[PDB]
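The file upload07.pdb comes next; it holds PDB, C-alpha atoms.
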ATOM      1  CA  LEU A   1     -11.755 -28.600  -6.806  1.00  0.00           C
ATOM      2  CA  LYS A   2     -13.740 -25.425  -7.288  1.00  0.00           C
ATOM      3  CA  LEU A   3     -13.145 -24.930  -3.626  1.00  0.00           C
ATOM      4  CA  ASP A   4      -9.430 -25.039  -3.972  1.00  0.00           C
ATOM      5  CA  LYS A   5      -9.560 -22.514  -6.730  1.00  0.00           C
ATOM      6  CA  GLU A   6     -12.107 -20.513  -4.887  1.00  0.00           C
ATOM      7  CA  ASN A   7      -9.933 -20.432  -1.822  1.00  0.00           C
ATOM      8  CA  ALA A   8      -6.794 -19.700  -3.801  1.00  0.00           C
ATOM      9  CA  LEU A   9      -8.777 -17.146  -5.740  1.00  0.00           C
ATOM     10  CA  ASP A  10     -10.120 -15.671  -2.585  1.00  0.00           C
ATOM     11  CA  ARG A  11      -6.516 -15.330  -1.564  1.00  0.00           C
ATOM     12  CA  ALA A  12      -5.677 -13.816  -4.948  1.00  0.00           C
ATOM     13  CA  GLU A  13      -8.806 -11.749  -5.203  1.00  0.00           C
ATOM     14  CA  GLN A  14      -8.499 -10.554  -1.715  1.00  0.00           C
ATOM     15  CA  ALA A  15      -4.825  -9.961  -2.360  1.00  0.00           C
ATOM     16  CA  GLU A  16      -5.886  -7.852  -5.366  1.00  0.00           C
ATOM     17  CA  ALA A  17      -8.440  -6.124  -3.095  1.00  0.00           C
ATOM     18  CA  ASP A  18      -5.627  -5.748  -0.588  1.00  0.00           C
ATOM     19  CA  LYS A  19      -3.499  -4.394  -3.368  1.00  0.00           C
ATOM     20  CA  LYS A  20      -6.223  -1.949  -3.980  1.00  0.00           C
ATOM     21  CA  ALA A  21      -6.253  -1.140  -0.293  1.00  0.00           C
ATOM     22  CA  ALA A  22      -2.445  -1.183  -0.039  1.00  0.00           C
ATOM     23  CA  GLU A  23      -2.290   0.951  -3.123  1.00  0.00           C
ATOM     24  CA  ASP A  24      -4.915   3.188  -1.665  1.00  0.00           C
ATOM     25  CA  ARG A  25      -2.796   3.481   1.396  1.00  0.00           C
ATOM     26  CA  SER A  26       0.400   4.020  -0.536  1.00  0.00           C
ATOM     27  CA  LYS A  27      -1.042   6.378  -3.100  1.00  0.00           C
ATOM     28  CA  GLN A  28      -2.741   8.277  -0.308  1.00  0.00           C
ATOM     29  CA  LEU A  29       0.508   8.340   1.605  1.00  0.00           C
ATOM     30  CA  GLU A  30       2.331   9.528  -1.479  1.00  0.00           C
ATOM     31  CA  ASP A  31      -0.390  12.202  -1.858  1.00  0.00           C
ATOM     32  CA  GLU A  32       0.190  12.890   1.781  1.00  0.00           C
ATOM     33  CA  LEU A  33       3.945  12.892   1.359  1.00  0.00           C
ATOM     34  CA  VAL A  34       3.128  15.622  -1.007  1.00  0.00           C
ATOM     35  CA  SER A  35       0.724  17.200   1.444  1.00  0.00           C
ATOM     36  CA  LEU A  36       3.237  16.780   4.221  1.00  0.00           C
ATOM     37  CA  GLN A  37       6.122  17.981   2.120  1.00  0.00           C
ATOM     38  CA  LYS A  38       3.917  20.786   0.858  1.00  0.00           C
ATOM     39  CA  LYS A  39       2.816  21.618   4.359  1.00  0.00           C
ATOM     40  CA  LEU A  40       6.440  21.180   5.524  1.00  0.00           C
ATOM     41  CA  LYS A  41       7.355  23.696   2.853  1.00  0.00           C
ATOM     42  CA  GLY A  42       4.242  25.609   3.761  1.00  0.00           C
ATOM     43  CA  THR A  43       5.819  25.850   7.193  1.00  0.00           C
ATOM     44  CA  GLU A  44       9.336  26.343   5.742  1.00  0.00           C
ATOM     45  CA  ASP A  45       8.105  29.226   3.597  1.00  0.00           C
ATOM     46  CA  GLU A  46       6.327  30.562   6.633  1.00  0.00           C
TER      47      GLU A  46
ATOM     48  CA  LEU B   1     -10.883 -25.171 -11.679  1.00  0.00           C
ATOM     49  CA  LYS B   2      -8.397 -28.015 -11.119  1.00  0.00           C
ATOM     50  CA  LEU B   3      -5.329 -25.922 -11.881  1.00  0.00           C
ATOM     51  CA  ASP B   4      -6.915 -22.759 -10.740  1.00  0.00           C
ATOM     52  CA  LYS B   5      -6.002 -23.396  -7.198  1.00  0.00           C
ATOM     53  CA  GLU B   6      -2.468 -23.241  -8.585  1.00  0.00           C
ATOM     54  CA  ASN B   7      -3.081 -20.375 -10.961  1.00  0.00           C
ATOM     55  CA  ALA B   8      -4.829 -18.525  -8.210  1.00  0.00           C
ATOM     56  CA  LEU B   9      -2.193 -19.498  -5.708  1.00  0.00           C
ATOM     57  CA  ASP B  10       0.427 -18.086  -8.041  1.00  0.00           C
ATOM     58  CA  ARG B  11      -1.927 -15.205  -8.716  1.00  0.00           C
ATOM     59  CA  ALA B  12      -2.138 -14.783  -4.963  1.00  0.00           C
ATOM     60  CA  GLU B  13       1.597 -14.903  -4.718  1.00  0.00           C
ATOM     61  CA  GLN B  14       1.769 -12.175  -7.336  1.00  0.00           C
ATOM     62  CA  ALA B  15      -1.208 -10.247  -5.989  1.00  0.00           C
ATOM     63  CA  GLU B  16       0.309 -10.513  -2.553  1.00  0.00           C
ATOM     64  CA  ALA B  17       3.657  -9.502  -4.024  1.00  0.00           C
ATOM     65  CA  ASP B  18       1.933  -6.443  -5.454  1.00  0.00           C
ATOM     66  CA  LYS B  19      -0.184  -5.680  -2.407  1.00  0.00           C
ATOM     67  CA  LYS B  20       3.057  -6.104  -0.541  1.00  0.00           C
ATOM     68  CA  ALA B  21       4.901  -3.820  -2.867  1.00  0.00           C
ATOM     69  CA  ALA B  22       2.077  -1.350  -2.409  1.00  0.00           C
ATOM     70  CA  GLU B  23       2.089  -2.075   1.346  1.00  0.00           C
ATOM     71  CA  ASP B  24       5.854  -1.792   1.506  1.00  0.00           C
ATOM     72  CA  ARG B  25       5.385   1.500  -0.218  1.00  0.00           C
ATOM     73  CA  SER B  26       2.703   2.292   2.299  1.00  0.00           C
ATOM     74  CA  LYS B  27       5.177   1.548   5.078  1.00  0.00           C
ATOM     75  CA  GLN B  28       8.003   3.461   3.400  1.00  0.00           C
ATOM     76  CA  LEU B  29       5.668   6.301   2.627  1.00  0.00           C
ATOM     77  CA  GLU B  30       4.387   6.024   6.172  1.00  0.00           C
ATOM     78  CA  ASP B  31       7.965   6.448   7.362  1.00  0.00           C
ATOM     79  CA  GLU B  32       8.449   9.357   4.979  1.00  0.00           C
ATOM     80  CA  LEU B  33       5.153  10.918   5.936  1.00  0.00           C
ATOM     81  CA  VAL B  34       6.122  10.652   9.526  1.00  0.00           C
ATOM     82  CA  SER B  35       9.593  11.940   8.764  1.00  0.00           C
ATOM     83  CA  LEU B  36       8.002  14.814   6.863  1.00  0.00           C
ATOM     84  CA  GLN B  37       5.602  15.293   9.747  1.00  0.00           C
ATOM     85  CA  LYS B  38       8.475  15.402  12.191  1.00  0.00           C
ATOM     86  CA  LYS B  39      10.225  17.830   9.893  1.00  0.00           C
ATOM     87  CA  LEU B  40       6.944  19.688   9.338  1.00  0.00           C
ATOM     88  CA  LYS B  41       6.559  19.958  13.060  1.00  0.00           C
ATOM     89  CA  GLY B  42      10.203  20.790  13.229  1.00  0.00           C
ATOM     90  CA  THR B  43       9.346  23.693  10.927  1.00  0.00           C
ATOM     91  CA  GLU B  44       5.907  24.324  12.505  1.00  0.00           C
ATOM     92  CA  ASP B  45       7.308  24.499  15.995  1.00  0.00           C
ATOM     93  CA  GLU B  46      10.078  26.565  14.506  1.00  0.00           C
TER      94      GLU B  46
END

As a first step, turn the structure in this file into structure tokens.
Amino acid sequence: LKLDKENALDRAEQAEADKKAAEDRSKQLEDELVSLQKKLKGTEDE
Amino acid sequence: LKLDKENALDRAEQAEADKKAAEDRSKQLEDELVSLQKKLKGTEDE
């Protein structure tokens, strides 16, 4: 049914939204591995 | 519709696989951020 696709799609769509969120978390963490590494090196340089 | 529960379920498996890969990266990056933070603080306290 449309409801089985809608539910499976909600899982897929939400999973894509969750990929966006998971990607936002991981790209932000990578940006923050850079900020932490940069700040680590900020502190290492200091 | 009829096969979309299946296409969307497989899409969800893939979308979940990718939100998971992004989330696994978030966790790995979270561990690295934290490691960098511990090292940053190692260097900041230093």

*Residues at most 12 Å from residue A:11, counting all atoms listed in the file, excluding those fewer than 6 positions away in the same chain, as a PyMOL selection string?*
(chain A and resi 3-5+17-19) or (chain B and resi 4-17+19)

Please save C-alpha atoms of the selected residues as an mmCIF file, in the coordinates of the input.
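selection_7.cif was written with the following content:
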data_model
loop_
_atom_site.group_PDB
_atom_site.id
_atom_site.type_symbol
_atom_site.label_atom_id
_atom_site.label_comp_id
_atom_site.auth_asym_id
_atom_site.auth_seq_id
_atom_site.Cartn_x
_atom_site.Cartn_y
_atom_site.Cartn_z
ATOM 1 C CA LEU A 3 -13.145 -24.930 -3.626
ATOM 2 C CA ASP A 4 -9.430 -25.039 -3.972
ATOM 3 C CA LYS A 5 -9.560 -22.514 -6.730
ATOM 4 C CA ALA A 17 -8.440 -6.124 -3.095
ATOM 5 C CA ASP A 18 -5.627 -5.748 -0.588
ATOM 6 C CA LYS A 19 -3.499 -4.394 -3.368
ATOM 7 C CA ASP B 4 -6.915 -22.759 -10.740
ATOM 8 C CA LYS B 5 -6.002 -23.396 -7.198
ATOM 9 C CA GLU B 6 -2.468 -23.241 -8.585
ATOM 10 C CA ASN B 7 -3.081 -20.375 -10.961
ATOM 11 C CA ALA B 8 -4.829 -18.525 -8.210
ATOM 12 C CA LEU B 9 -2.193 -19.498 -5.708
ATOM 13 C CA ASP B 10 0.427 -18.086 -8.041
ATOM 14 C CA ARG B 11 -1.927 -15.205 -8.716
ATOM 15 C CA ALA B 12 -2.138 -14.783 -4.963
ATOM 16 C CA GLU B 13 1.597 -14.903 -4.718
ATOM 17 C CA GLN B 14 1.769 -12.175 -7.336
ATOM 18 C CA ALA B 15 -1.208 -10.247 -5.989
ATOM 19 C CA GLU B 16 0.309 -10.513 -2.553
ATOM 20 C CA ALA B 17 3.657 -9.502 -4.024
ATOM 21 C CA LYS B 19 -0.184 -5.680 -2.407
#

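Remark: chain A fitted onto chain B over every Cα atom in order; resulting RMSD 1.8 Å.
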
*Output of the PyMOL selection byres ((chain A and resi 37) around 10), listed as a ChimeraX atom specification*: /A:30-36,38-44 /B:32-33,35-37,39-40

_atom CA of residue B:45 to atom CA of residue B:26, distance in Å rounded to a single decimal_ = 26.5 Å

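The interatomic distance for the pair atom CA of residue B:25 and atom CA of residue A:28 works out to 10.6 Å.
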
*atom CA of residue A:29 to atom CA of residue A:46: how many Å, to one decimal?*
23.5 Å

Let me have the centre and edge lengths in Å, one decimal, of the box along x, y and z around every listed atom of stretch 5-15 of chain B with 6 Å of margin on each side, as lines of an AutoDock Vina configuration file.
center_x = -2.1
center_y = -16.8
center_z = -7.8
size_x = 19.8
size_y = 25.1
size_z = 18.2

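Within 9 Å of the file-frame point (-17.7, -25.1, -11.6), and using only C-alpha atoms, the polymer residues found are residues 1 and 2 of chain A; 1 of chain B.
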